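First structure 1, then structure 2: two forms of the same chain, each alone, as structure tokens.
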Structure 1
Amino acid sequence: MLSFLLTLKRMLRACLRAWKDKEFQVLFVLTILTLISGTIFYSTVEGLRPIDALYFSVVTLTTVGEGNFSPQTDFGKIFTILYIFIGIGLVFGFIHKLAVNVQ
């Protein structure tokens, strides 16, 4: 259905149009930064291969959760707790940004 594609593309444009908005860019960078930080921390303190440090940071920052790994060190547990709250702040950031992009 052509109606289908036209709608999809319209949406894809409204999407990319947002990837131009400065505030969206900031939020995006902050989460990429947060992901890098997490990849580093868990790689160092919990000693995971970088790929597994990133993976854990992702499933954790997004509240999906990891089914097997849990922070072993006390430093990791404390960091992860703060890490999670950073993620919540980020999402509220994005959410809020959408509530504004309506008017």
Structure 2
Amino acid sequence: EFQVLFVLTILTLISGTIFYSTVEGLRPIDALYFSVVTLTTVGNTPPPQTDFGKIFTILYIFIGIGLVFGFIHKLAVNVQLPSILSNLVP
């Protein structure tokens, strides 16, 4: 489960990195950062400058938000939870 969500999230982020670095002309790290803060809904950046960028972003959000949060709802629920929970056992 977690491994699958891990991979699916990775692929989604790779696609965004490739897209924004090419169409919005961002350095790869900035393209990855934009993809991440957009899909996690933080959105602490300016918006895309091109219409292609805006259209892709709209579709990218609808298709990737569900997945990204599914992975997060497992990274801290089936991985980070035990680490602390089980450890809270004297």
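Residues that one form lacks are left out of the comparison. FYI, numbering is relative to structure 1, first residue = 1. Here the rigid core means the biggest group of C-alpha atoms that line up within 1.5 Å when the two forms are laid on top of each other.
With the core superposed, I84 shows a C-alpha displacement below 2 Å between structure 1 and structure 2. Taking the core as the fixed frame between structure 1 and structure 2, we note the C-alpha of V29 moving 1.3 angstrom.
For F94, the Cα shift between structure 1 and structure 2 is 5.1 Å when the rigid core is held fixed in the overlay.
Moving regions between structure 1 and structure 2, defined as 3+ consecutive residues each with a CA shift of at least 2 Å after core superposition, lie at 23-28, 87-89, 91-103.
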